[PDB]
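Chains as they are written, first to last, in the deposited numbering: chain A, 1 to 304; chain A', 1 to 304. A prime marks a further copy of an entry chain. All residues carry an ideal CB built from backbone N, CA and C; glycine is no exception. Encoded as structure tokens, the structure appears first; notes follow it.
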Ligand SMILES: O=C(Nc1cncc2ccccc12)[C@@H]1CCOc2ccc(Cl)cc21
Ligand SMILES: O=C(Nc1cncc2ccccc12)[C@@H]1CCOc2ccc(Cl)cc21
């Protein structure tokens with residue numbers, strides 16, 4: 001029992017982290033096989049970031065300008081290329097610690113673990129969600145660029161995020177491992193609208209099921225609702241509309257607790273309309289949306 | 001910017017996890033050098049747990065009865081001994097992945113990372129605090145026993161906790177790596193009073209400083225207080241009395257923000273007396289006590 005904001009064990013990713021320096025800029029890189037992946041803004045000075053022409057900036061750089069260090073050992077760079085907003089530095093040595101891996105583009109509302117790094121060294125790991133507006137509320141300081149987000153299924157690390165930028169609002173933006181930004185963001189020091197965010201309804205419902213499994217049941221009521229009625233309330237409270245696909249994903253948790261999804265929706269409706277009344281659910285005084293139904297089943301079943 | 005419940009990178013600890021089986025019971029062990037550490041209740045059947053005489057139960061066991069497996073490879077056990085509530089299984093091979101390590105007994109109110117494991121395999125990592133009542137609010141299922149808590153300072157892992165038991169109340173109890181329980185707990189299936197818990201005042205103040213550093217300042221007021229006045233309020237709200245040692249530990253955060261510790265105490269006093277009024281601090285609708293002043297400075301400075 002107990003329910004925590006649990007991250008995946010970071011060991012497989014720690015073995016991939018390297019430092020990349022270009023000129024006066026240093027950030028993190030991800031070394032998989034014989035390629036080092038890093039944010040393309042490593043080639044920029046602070047002045048270049050206002051309106052960078054990355055193609056022109058990269059032309060002034062050669063293999064020997066990218067200093068890649070894995071721990072205390074230097075890697076020899078034999079090729080470089082830009083793919084969207086990432087640089088791919090071909091090295092002469094395959095990382096002996098490369099785990100089984102995949103590059104995936106996650107959907108908004110899904111979760112992942114972040115291994116925050118500085119100078120190629122891991123500092124910490126935390127779990128988070130990709131917001132419906134394609135930002136992440138991470139914990140990142142200057143030098144954290146190139147730190148990655150990932151999920152692990154048995155021995156396979158699915159890399160989904162590479163950190164690039166902190167918006168003036170304090171939220172974070174980044175790319176998939178092919179260098180494509182999540183959201184409308186561009187790698188430039190210019191104010192950028194993140195756009196309206198919403199609460200991940202399916203995740204709040206998953207977390208209410210986690211609460212029931214772990215003993216917190218005070219919010220269960222004698223009511224039910226329909227998808228249409230629930231969605232009128234979701235609209236009012238800036239929650240994502242619940243769909244039958246979301247109900248279907250919640251099936252395993254509904255079977256485990258015996259609480260029909262629409263009955264749990266009615267509990268969520270009452271909580272949205274009345275608040276918590278000074279009470280807590282799983283140690284939180286607000287409705288948590290950073291656990292997917294898969295996360296709840298995994299944490300409550302002990303998948304390794 | 002951003003502030004998360006960040007755990008230490010778990011890689012160094014992942015390399016130490018093994019499975020230990022004795023008879024029909026399987027749990028996790030920690031392999032450091034040529035010794036495997038695990039909870040002594042591995043020698044018990046479910047029936048034995050009501051009132052176990054561990055000395056007698058261990059006498060019926062020989063080296064060959066403890067099956068230790070690191071991944072898919074079996075370790076040869078050449079010695080066994082009980083130290084308090086842990087078993088130390090001497091193996092013929094030193095763990096090649098042993099990090100630099102220390103065994104430490106943490107104080108109540110300090111924090112640490114937990115690598116939850118099942119069958120010697122890591123499932124997740126999370127951060128938590130040792131409660132003032134010596135319990136931890138973890139996330140542990142059956143088979144998680146032997147999972148460890150730790151802190152990391154550069155290359156040294158300081159192991160502080162080994163998981164042993166879940167109390168009927170859903171909270172967790174365990175030992176230091178010398179097998180001494182934190183708190184009054186005994187390794188027996190008997191109802192056990194955890195005793196009154198309190199809120200870790202110095203940690204809430206540290207987290208309020210983290211909030212100010214990360215932009216959340218709405219709770220700052222025009223007031224100040226004294227240690228005596230603040231402690232009258234702390235008494236009423238079941239908070240630990242604040243001492244000059246706590247004020248001294250908060251020095252670095254007071255210097256970083258320019259907010260005197262007693263002025264931050266007055267903000268905490270107002271929050272305790274008035275509540276949050278539907279507002280949030282660092283994404284939380286309650287006062288967080290699981291970040292120490294050291295955690296706040298580390299996370300806000302990027303120590304690797
Ligand atoms: O955001 C950036 N770095 C950081 C990333 N995450 C957390 C940070 C916290 C504090 C300071 C810097 C942080 C860089 C520097 C600013 O100009 C830009 C503009 C665009 C891009 Cl892609 C990156 C950057
Ligand atoms: O608590 C124990 N195991 C667990 C530990 N953590 C989370 C659990 C969640 C669900 C079921 C078991 C869990 C064992 C089994 C019960 O009897 C005892 C009594 C004493 C001791 Cl030291 C251990 C144990």
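Any heavy atom of ligand 2 closer than 7 Å to the Cβ of residue i?
| i | result |
| --- | --- |
| residue 39 of chain A' | yes |
| residue 187 of chain A' | yes |
| residue 144 of chain A' | yes |
| residue 163 of chain A | no |
| residue 49 of chain A' | yes |
Mind checking whether the beta-carbon of residue i lies closer than 7 Å to any heavy atom of ligand 1?
| i | result |
| --- | --- |
| residue 166 of chain A | yes |
| residue 298 of chain A' | no |
| residue 306 of chain A | Since the first and last residues shown for chain A are 1 and 304, residue 306 of chain A lies out of range. |
| residue 140 of chain A | yes |
| residue 172 of chain A | yes |
| residue 1 of chain A' | yes |
Figure out for me which residue from the options has the closest Cα to the Cα of residue i.
| i | options | result |
| --- | --- | --- |
| residue 151 of chain A | A:9, A:72, A:244 | A:9 |
| residue 112 of chain A | A:125, A:120, A:238 | A:125 |
| residue 204 of chain A' | A':155, A':271, A':227 | A':271 |
| residue 72 of chain A | A:241, A:97, A:58, A:120 | A:120 |
| residue 225 of chain A | A:123, A:285, A:269 | A:269 |
| residue 263 of chain A | A:276, A:214, A:209, A:58 | A:209 |
| residue 207 of chain A' | A':147, A':288, A':190 | A':288 |
| residue 25 of chain A' | A':49, A':260, A':136 | A':49 |
| residue 40 of chain A | A:239, A:178, A:129 | A:178 |
| residue 159 of chain A' | A':145, A':196, A':100 | A':100 |
| residue 303 of chain A | A:216, A:228, A:278, A:155 | A:155 |
| residue 11 of chain A' | A:115, A:187, A:133 | A:115 |
| residue 21 of chain A | A:13, A:249, A:87 | A:87 |
| residue 180 of chain A' | A':7, A':37, A':17 | A':37 |
| residue 217 of chain A | A:56, A:267, A:290, A:245 | A:267 |
| residue 171 of chain A' | A:279, A:258, A:283 | A:283 |
| residue 143 of chain A | A':6, A':296, A':291, A':1 | A':1 |
| residue 146 of chain A' | A':187, A':290, A':77 | A':187 |
| residue 191 of chain A | A:27, A:275, A:261, A:165 | A:165 |
| residue 76 of chain A' | A':184, A':63, A':234 | A':63 |
| residue 118 of chain A' | A':184, A':220, A':163 | A':163 |
| residue 240 of chain A | A:96, A:201, A:248 | A:201 |
| residue 292 of chain A | A:231, A:14, A:108 | A:108 |
Is the closest heavy atom of ligand 3 to the C-beta of residue i under 7 Å?
| i | result |
| --- | --- |
| residue 82 of chain A | Of the ligands one can find in the structure shown, namely ligand 1 and ligand 2, none is ligand 3. |
- Please name the residues in the segment 150 to 168 of chain A' whose beta-carbon is closer than 7 Å to at least one beta-carbon of chain A, in chain order. 166
- Message: Which residues of the segment 272 to 302 of chain A' have a Cβ closer than 9 Å to any Cβ of chain A? Give them in chain order.
- Response: 275, 276, 278, 280, 283, 284, 285, 286, 298, 299, 300, 301, 302
- Message: Ignoring anything shorter than 3 residues, give me the beta strand (DSSP E) runs that lie fully in the segment 37 to 100 of chain A, in order along the chain.
- Response: 66 to 70, 73 to 75, 77 to 83, 86 to 91
- Message: Residues of the segment 101 to 126 of chain A in Cβ contact with chain A' at a cutoff of 9 Å, in chain order, please.
- Response: 113, 114, 115, 116, 117, 118, 119, 120, 121, 122, 123, 124, 125, 126
- Task: Let me know the alpha helix (DSSP H) ranges lying completely inside the segment 125 to 156 of chain A, each 4 residues or longer, listed in chain order.
- Result: none
- Item | Segments of 4+ residues assigned as alpha helix (DSSP H) that fall wholly inside the segment 208 to 271 of chain A' | The segment 208 to 271 of chain A' contains these whole alpha helix (DSSP H) runs: 227 to 236, 244 to 249, 251 to 257.
- Taking a cut of 9 Å between CB atoms, which residues from the segment 2 to 16 of chain A' lie near chain A? Using a CB distance below 9 Å, the part of the segment 2 to 16 of chain A' facing chain A consists of 2, 3, 4, 5, 6, 7, 8, 9, 10, 11, 12, 13, 14, 15, ordered along the chain.
- Message: Beta carbons nearer than 8 Å to chain A': which residues of the segment 236 to 259 of chain A have them?
- Response: none
- Message: Please identify, using Cβ separations under 8 Å, the residues of the segment 167 to 191 of chain A that lie next to chain A', in order along the chain.
- Response: 170, 171, 172
- Task: Using a Cβ-Cβ cut-off of less than 8 Å, give me the residues of the segment 199 to 226 of chain A that come near chain A', in sequence order.
- Result: 214, 215
- Query: According to a CB-to-CB cut-off of less than 9 Å, which residues of the segment 139 to 150 of chain A neighbour chain A'?
  - Reply: 139, 140, 141, 142, 143, 144
- Interface positions of the segment 83 to 95 of chain A facing chain A' (Cβ-Cβ less than 7 Å), listed along the chain: none
- Identify each residue in the segment 18 to 47 of chain A' for which the Cβ-Cβ distance to at least one residue of chain A is less than 7 Å, and report them in chain order. none
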